[PDB]
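First the structure, in the form of structure tokens, and then the observations on it.
Every number in this text was worked out from the coordinates using simple rules, so none of it is lab data. Every residue, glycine among them, receives a Cβ derived from its backbone with ideal geometry; neighbour counts consider all protein chains shown.
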4 protein chains.
Amino acid sequence: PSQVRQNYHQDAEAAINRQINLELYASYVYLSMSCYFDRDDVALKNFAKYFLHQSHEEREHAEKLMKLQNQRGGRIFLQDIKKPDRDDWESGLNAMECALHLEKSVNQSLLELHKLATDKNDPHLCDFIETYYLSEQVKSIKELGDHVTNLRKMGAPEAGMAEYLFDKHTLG
Amino acid sequence: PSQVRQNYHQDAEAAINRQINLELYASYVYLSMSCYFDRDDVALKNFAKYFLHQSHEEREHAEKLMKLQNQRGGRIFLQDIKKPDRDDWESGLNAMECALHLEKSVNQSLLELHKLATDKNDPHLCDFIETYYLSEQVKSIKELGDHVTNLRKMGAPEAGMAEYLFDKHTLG
Amino acid sequence: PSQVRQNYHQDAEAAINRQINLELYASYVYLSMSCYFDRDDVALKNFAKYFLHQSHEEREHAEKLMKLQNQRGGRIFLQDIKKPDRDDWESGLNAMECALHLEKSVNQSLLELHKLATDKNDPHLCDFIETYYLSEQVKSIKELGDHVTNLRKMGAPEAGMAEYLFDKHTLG
Amino acid sequence: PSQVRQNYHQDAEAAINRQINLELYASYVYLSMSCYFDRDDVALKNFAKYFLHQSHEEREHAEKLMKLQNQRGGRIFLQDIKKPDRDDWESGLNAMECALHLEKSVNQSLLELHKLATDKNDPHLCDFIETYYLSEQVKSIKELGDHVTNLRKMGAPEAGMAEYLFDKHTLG
């Protein structure tokens, strides 16, 4: 194989490629959400900024995984980026709920990847996942849960003022 | 004609004079709106500031058209500036809706002017309209649509807090 | 339709959505190229940096088109991002040649979009395409052609020193 | 034993002492390489600087392991530092290849040490190895593989200009 490859199982390499695809898909979903909130009949600028930032950070995570794959001697094999499940996210509260579900699914994939790396005795891959992905995922999940709780308390989406004031005070 | 006139049809010159009058009328309408929100029984200072700024920008657009007319060798022929349709604009939401209708009417006049300039093969006039008027009009229309959407969501004008909080957070 | 929509044909809206997908695809292709040059058996850091920058600029172009679609009252409908045609780009010279072909294909799509917007008498869309996309595309095509010419002159990829010195002096 | 010793198996302590000796040996090998490139009939100053820096960093790694051994209550037992396998490294390309083999052997020893620490349930030792040694080793291996690939492409050592230009552009 590659001259630098050492203690890098093919199963881990394939799982890393799958995780790259999942991160790109999550970036795409966040881009779709941000474009939803930019609509003239939605018009929540701070929601759009929040989700655009989320999309960019997801792209950064995917590129970091790509760098990890090249650095361990693996070979990156890209796949199609699937379109998001919907183009109409219907509310700020529903978009935050969908983002929470998406981040938890990404976390579950990362935990399966860590279990695979632990089984193959790849401590570098395990430490990489723990240091750069698991803590960030847990923080993101907690932040989204806080957002969903606050939006639910204020009466969103039935209360019209709730999403507006949340956009101004929390995301502003 | 004028020593500088070249590829400047009389139809374009008359249409430019009409557009000057329309821009002055829009400035006058915005001034009337700003004076409405300065009333002691309305008292929305940021609404008044927003519409006064809009009035000043329409005046600047009219003066730029005047400079264009003199620069191409045309002769400016002024007309009466008609009074606005009403002095009581009844709410922030109704004023934003009327502003949206007004900006769209100005956009329609600009599009007709661009079609006339295209038909007469006046690329300088076409490029001038595209560079200084059409993009600004589209941005203004999108901004007003966003304002109307947000005010409608918050329950304006039936919800008393909606126009106040919109004045503080969006226009403040 | 949307409260802000004016002089925006449905054909133009669909073509804009297609162009968004094409820009995202080109960003993906550039990401694949950048990951190719980061491999340990390729190891051309400035090539990888160049193509990563190209990917990021393509993503920015796609987001600008998304903003344009929302600003004119259109509705963004996303599609799957197809995977690039290959994961092994085989040389710096072949990657630059493929990038040249890709940029020319994007230019051809932009020219078809401009012809459609001209036929529908949408001067705002025409001016938007000319101001933000056509000049950048022409500059990018000229730059890539210059790169391909220089790499061909130096004997790439048969001459081993050529791609290395081009990486150091032109892309460095 | 020592008043501070807790969850520190004797096997781990002996393995740490062996790793200290291996790091000192690698520092010595890098010093020999740097002295080879300082010769008047070799005269590659940036190669010598690169390998001298590698020697110093290896010495730093050994001293950090010594601090870890004293901090966990272990006792450092030093051994003879074996001389390098050769004094004539014959080329820049051969020296980089030997450095790659050496770093991979050090990585293999570190992975065996991590497996031993995992088996003894010493999470502090495991985390120490992952945080300070495994990532640095992987980065060093990738860097050396990149260097070897680039030198091989440019025609080293048969092409006389290759090692000179690599010394100037990559190591300079």
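Computed from point charges on the beta carbon alone (+1 for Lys and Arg, -1 for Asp and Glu), the dipole magnitude for chain D about its Cα centre is near 420 Debye. Dividing the summed helix terms, -39500 (n - 2.57) for each DSSP H run of n ≥ 4, by the number of residues in the protein assembly as shown produces a 222 nm estimate of -24000 deg cm²/dmol to the nearest 500. Summing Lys and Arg as +1 and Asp and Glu as -1 over all other residues whose Cβ lies under 14 Å from the Cβ of B:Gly155 gives a net charge of -2.
Counting only alpha carbon atoms, the long axis of helix D:10-37 and the longest principal axis of chain D meet at about 20°. Straight-line reach only, C-alpha to C-alpha below 17 angstrom: list the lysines that C:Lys104 could link to, leaving out same-chain residues fewer than 8 apart. C:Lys104 reaches C:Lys115, C:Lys139, C:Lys142. Qualifying trypsin sites (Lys or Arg not before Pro) in region D:56-126, where qualification requires a DSSP coil assignment and no more than 14 other C-beta atoms within 10 Å, comprise D:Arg75, D:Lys82, D:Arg86.
Relative contact order, whole percent, for chain B stands at 28, derived from Cα pairs under 8 Å and 6 or more residues apart.
Stretched out fully, how many nm does the piece from C:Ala14 to C:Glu90 gain, at 0.36 nm a residue minus the Cα gap?
Contour length minus the Cα-Cα distance gives 23.8 nm.
Position C:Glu60: other-copy label points at 1.7, 2.6, 3.5 nm, ordered by increasing distance, label point 7 Å along Cα→C-beta. Taking a straight line from the alpha carbon of B:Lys83, these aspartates and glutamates sit under 14 Å away, with near neighbours fewer than eight places off in the same chain left out: B:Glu23. For the protein assembly as shown, the average shadow cast by the Cα convex hull is 39.8 nm², which is a quarter of the hull's surface. When chain C is treated as a GNM with alpha-carbon contacts under 10 Å, the residue of C:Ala43, C:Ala62, C:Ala26 showing the greatest mean-square fluctuation is C:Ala43. Solvent-free Debye calculation, one equal scatterer per alpha-carbon of chain B: log10 I(q)/I(0) at 0.13, 0.14 Å⁻¹ equals -0.67, -0.75.
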